[PDB]
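First come two forms of one protein chain, each written alone as structure tokens, so that there is a structure 1 and a structure 2.
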Structure 1
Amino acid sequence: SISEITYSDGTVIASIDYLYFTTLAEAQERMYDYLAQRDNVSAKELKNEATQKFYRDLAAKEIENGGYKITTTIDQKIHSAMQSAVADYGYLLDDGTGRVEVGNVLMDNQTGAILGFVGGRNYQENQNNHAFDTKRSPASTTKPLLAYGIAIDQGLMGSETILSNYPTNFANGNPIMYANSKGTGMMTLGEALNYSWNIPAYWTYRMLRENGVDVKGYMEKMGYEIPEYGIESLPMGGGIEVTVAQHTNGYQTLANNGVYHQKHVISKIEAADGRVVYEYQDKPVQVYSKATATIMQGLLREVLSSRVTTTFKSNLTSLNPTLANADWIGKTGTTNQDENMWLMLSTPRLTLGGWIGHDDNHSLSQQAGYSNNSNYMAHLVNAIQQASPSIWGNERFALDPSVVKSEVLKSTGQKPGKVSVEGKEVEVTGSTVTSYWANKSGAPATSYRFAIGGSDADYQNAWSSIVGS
């Protein structure tokens, strides 16, 4: 008898086109883990590199002879529908800059299982796996996990707090840029995400760094490896390289109300005589407070509604209005010189991550992320849809009970009151808004320095203008 890989229903993929090599590689890696433990009681010589080889190789052979049954997470019909979508629509990513590659991973928000993926436009013509092995910076999609998610979560801010987007410079003396802008004064957390302004993200991380929040603790809990957290542009996705698979897993976390389940493609390995060599252990972990996570899903639902940096919701509506009705949330990213684009989507029941780019690191059109990648993802989204009607779901994302609402002046994210404006102390009034907070006591009173970030010059022109009462 010979070894085999099966779809999650039970259908045999192949015996022992990305489909084959992904499930086989993850298969071998769990095999390696088990061999290294299966006695050969190792640790640390596991670090020596001559061994690694020996085992990796030994691993491969155990699958070739050995005769085991490998159970994947893959839902055949969706996976096929996905391959078809890329065959039928990959071409909408092409934008006068040569074949554009693509990597997507569709992940259950609750198991962490991967129901299917897109490896690239065409395994025959080119084999790198853009869903699994390639790594690029996630850009402005880092913002929600590494800056805002965290700070809200340490109650250092809430839903309508306020960030300086006034001009300001890295420590080298160069201007923090957004596309072509030097900045624009103050704005809500809402605006800053809907447009992905860079400066607000820059001030957020900086403040985290001054309270020394254990940022790394958080990122590490989702599976991220970032070699150096002391980079000023970190939050914008500077110094971070990731895979679609892995980062899809980051959006899975915000989506499953702050609870990370570890990504995977393999659920079970079973030996000839039925003995279980590997089985997926469900260990959940609570990376963000349900307060924080649900707050975030609210804001990330306007990121798509707003349509400011993605045409998606329009594209999807046009190809299928019912579905465009599911409670979608998401975020985009663009890297320097338009070299990559990212779009992450979740409804509460699934996540879809999608990266488009060139293999050799050159540039896409300006539109590629905002338009192309959006319309393509909307077609992929239908395609899964058609293949498995119930899959995406109808549930709403919802603000958790533990969230805490506050009345605050639109003008300063903060509860109204007296403040010190250079002699002449001030009664601070204007219209209010409810602002969500993931701490026990809600918003502060207004303070001269209400916003995250801002210079002295800044606050002066800001409070100046707030003064027309």
Structure 2
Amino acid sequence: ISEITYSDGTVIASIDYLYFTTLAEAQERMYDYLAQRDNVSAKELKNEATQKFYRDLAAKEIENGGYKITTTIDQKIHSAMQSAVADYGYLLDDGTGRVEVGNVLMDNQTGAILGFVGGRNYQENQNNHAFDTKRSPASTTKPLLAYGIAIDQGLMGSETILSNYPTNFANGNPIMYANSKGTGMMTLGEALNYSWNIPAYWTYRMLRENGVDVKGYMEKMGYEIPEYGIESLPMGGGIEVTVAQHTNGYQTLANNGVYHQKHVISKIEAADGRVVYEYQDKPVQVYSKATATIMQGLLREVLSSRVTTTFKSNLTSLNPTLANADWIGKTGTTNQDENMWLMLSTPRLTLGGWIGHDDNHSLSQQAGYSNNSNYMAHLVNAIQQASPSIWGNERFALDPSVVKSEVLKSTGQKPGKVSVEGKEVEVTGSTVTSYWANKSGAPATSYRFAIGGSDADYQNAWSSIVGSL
């Protein structure tokens, strides 16, 4: 008899989201091992009949073979997550029908998956919403694909200004934020806290203009994106991901820029001890430590500002001492409220969360902001009470490699002289520390000081700044 085990070697089952997820992944590992053992070439493997036989062979090998499958799953934590969704899943129901849900909890230092929520109740709906279902990640794409890359490239710092003035998509349509067409200039912090869309649009466009290899960043984290030219990419246009894969992106940011490939199987052994499969760690420095730690500090305020999620109020009430852990995160909402995301990290763990409907109809406007935040608060609390130390009490901290620059609040660039319609202005005002991930830090204020903006935009903005000099 073959066995699937938890982390510590305790038996899950003999050979139900846990059972089917670990079995399916084991069968794939078995498939690779069997074809290779039998000396089936890559070419011969392309044959569909041959693949089908190897798939069935791998299923039967496990059924009949006395293998020992070691998963990364933590029994107490994963059970605690199953009770949480059993008891609190109803808190997701917002009057748009039964709301489905997936969650994955990942170790930031290993990529190991400690537990997950596959859905509301397997017996009623078997779709696996943590590992199988793929949905746009919406604005939780922004830190990874837009701001994170721009900072890593030395194109921005923590207090850099971006344009949120009105602008249109390639196709003539205005870039919206709910019903707002934009405002004026803002800091990176404001744009992140609020999730304003235009600053994210400008940031990606600047990457494209500079020929930045964004695909290199993304593929190192395991993302599959077919077209990188999509203007709404930072807002999750043209990207669809599982919760497990998306958790892996957040893991990378949390682990100070070092990616660890997600996994639920750590090892398969034959009864006699032969190693059929074993997970091999391949760490990759996707973002510099400077960039990741700068991003941690930005995402920390996303949650504590409470603009797009009530999470920190919810968790404070349930477990004030856990709420005092060093939580960072980001929310996303798709264009017709079809999918909501909340991504959460502490220095030690990352928890990803999606809610949505199997047939894609809309949720309520508040489903993410309020319902998923409260549910995720409960989820996080259940995990802690199952395993008191798992989230940890460590703080995210700026890497020493970080360069600090003294910049104008107004421009996010160092004080100096700028040509404003002929007349040379000496530009002054209140200053602030801005964090950078390059050698030299912030530049001195240029005329086009912000990320994005039209000539008309800068005329307006500069009019304001001189007005107070």
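FYI, numbering is relative to structure 1, first residue = 1. Note that the rigid core is defined as the largest set of C-alphas that superpose within 1.5 Å between two forms.
The comparison between the two structures, aligned on the rigid core, picks out a single residue among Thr429, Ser420, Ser402, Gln52 whose CA moves by 2 Å or more, and that residue is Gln52. Superposed on the core, the two forms differ at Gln37, whose C-alpha moves 2.2 Å between the two structures.
For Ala192, the Cα shift between the two structures is 0.3 Å when the rigid core is held fixed in the overlay. Per-residue C-alpha deviation between the two structures, core superposed: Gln337, 1.2 Å.
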